[PDB]
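Counting begins at 1 with the first residue of the sequence. Whatever order the structure lists them in is the order used to number ligands and atoms, beginning at 1. Note that these values count all heavy atoms, side chains included, but never hydrogens, waters or copies made by symmetry.
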Amino acid sequence: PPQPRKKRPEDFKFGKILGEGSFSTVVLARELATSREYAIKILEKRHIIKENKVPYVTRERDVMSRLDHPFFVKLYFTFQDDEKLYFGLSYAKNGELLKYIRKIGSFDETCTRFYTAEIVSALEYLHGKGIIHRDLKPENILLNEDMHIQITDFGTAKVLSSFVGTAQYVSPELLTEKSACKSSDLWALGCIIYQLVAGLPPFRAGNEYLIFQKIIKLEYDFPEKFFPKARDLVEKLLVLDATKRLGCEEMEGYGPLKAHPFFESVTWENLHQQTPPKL
Ligand SMILES: Nc1nccc(-c2ccc3c(N)n[nH]c3c2)n1
């Protein structure tokens with residue numbers, strides 16, 4: 001069927017910068033014809049080509065097109081001009097989950113449970129499509145106006161059937177094997193839960209090399225103020241042997257993960273319809 005004509009830069013009033021990476025900048029934009037706000041990710045073609053990033057840009061576009069779920073930033077449109085590529089993305093007005101962790105220090109058990117459940121539910125959907133994020137972290141987990149999560153940044157994703165993420169969230173197998181799987185995301189999940197509860201990521205040190213040392217030695221520990229059921233859950237995710245992490249295929253998938261006692265009170269079927277606990 002006839003899709004709308006390609007959009008163009010002149011269709012938008014660009015505004016503030018929402019994020020910037022080494023190969024991209026995200027800018028808030030208001031579409032003139034609709035008054036709709038989008039987060040437009042802008043990439044310089046010459047820079048992408050010069051640095052051999054075409055496969056990453058291509059993978060991000062192809063992945064974000066296949067995703068159709070409330071807990072993921074949506075790709076609405078793409079266009080280009082002579083110098084740049086533009087991706088129209090969902091605007092998550094409340095920014096990064098990381099910001100909330102810093103602002104309030106640590107989450108109480110109700111908020112930890114609710115947001116962990118959304119991430120688990122998001123991962124179940126992503127993994128059921130044979131997609132692996134490979135760089136999951138609080139910086140990539142955005143909050144919409146409604147305070148529900150929206151996971152973004154899929155340039156580094158792998159579609160099942162090479163790259164190393166953000167040091168604090170790298171799984172051991174990436175350091176010893178150079179190979180990633182769904183279980184690498186579950187490892188990151190373990191780190192994120194721990195971070196929501198402790199206020200800090202589990203593996204910390206003065207530099208990348210020392211963080212990696214700690215990861216492969218499973219060198220971290222829990223604070224006394226750690227919800228016992230959350231602790232048990234984290235211990236079942238932060239496991240060196242990737243095939244023994246709660247949630248992976250060899251452990252029989254998402255059922256047993258979702259049935260963990262930490263999630264006892266969670267109703268999984270309609271999280272996105274529930275009202276997030278106030279932060
Ligand atoms: N795919 C991708 N890559 C890099 C950054 C982003 C991104 C960053 C910030 C926002 C926001 N406030 N709303 N939407 C965003 C999307 N998205």
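Pairing each heavy atom of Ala180 with each of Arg134, the nearest pair is CB-CD, 3.8 Å.
Ligand-side atoms of ligand 1 in range of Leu89: 1 (N), 2 (C), 17 (N), range being under 4.0 angstrom from any heavy atom. Near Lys41, with a cut-off below 4.0 Å to any heavy atom, the atoms of ligand 1 are 1 (N), 2 (C), 3 (N), 4 (C). Ligand-side atoms of ligand 1 in range of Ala39: 13 (N), 14 (N), 15 (C), range being under 4.0 angstrom from any heavy atom. For ligand 1, the atoms sitting less than 4.0 Å from at least one non-hydrogen atom of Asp153 are 1 (N), 2 (C), 3 (N), numbered in the order shown with element in parentheses.
One side chain, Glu173 or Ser171, offers a donor N or O that lies under 3.5 Å from an acceptor on the other. Counted by atom type alone, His133 and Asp153 present zero donor-acceptor pairs between their side chains at under 3.5 Å. A donor-acceptor pair shorter than 3.5 Å can be found between the side chains of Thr34 and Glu31. Using modelled atom types and a 3.5 Å distance limit, the side chains of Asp241 and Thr243 yield a donor-acceptor pair. Looking at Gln195 and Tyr169, their side chains do bring a donor and an acceptor atom within 3.5 Å of each other. Checking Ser90 against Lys74 by side-chain atom types alone, no donor-acceptor pair falls below 3.5 Å.
Looking at ligand 1, you won't find any N or O of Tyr91 less than 3.5 Å from one of its N or O atoms.
Residue contacts with ligand 1, taken as heavy atom pairs separated by less than 4.0 Å, do not involve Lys93 at all. Contact annotation: for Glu96 versus ligand 1, there are no heavy atoms closer than 4.0 Å. Of all the heavy atoms of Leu142, the ones lying under 4.0 Å from any atom of ligand 1 belong exclusively to the side chain. Residue contacts with ligand 1, taken as heavy atom pairs separated by less than 4.0 Å, involve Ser90 solely via the backbone atoms N, CA, C and O.
Protein heavy atom in closest approach to atom 12 (N) of ligand 1: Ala92 O, 3.2 Å. The protein atom (non-hydrogen) at minimum distance from atom 17 (N) of ligand 1 is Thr152 OG1, 2.9 Å. Atom 5 (C) of ligand 1 has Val26 CG2, 3.5 Å as its closest protein atom, hydrogens excluded (heavy atom only).
Note that the CG atom of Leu18 and the OH atom of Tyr38 stand 14.5 Å from one another [nearest 0.5 Å].
Judged by distance alone, the side chain of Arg30 and the main-chain N or O of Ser35 form a donor-acceptor pair under 3.5 Å.
Around atom 1 (N) of ligand 1, the closest heavy atom drawn from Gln150, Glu60, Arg61 belongs to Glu60.
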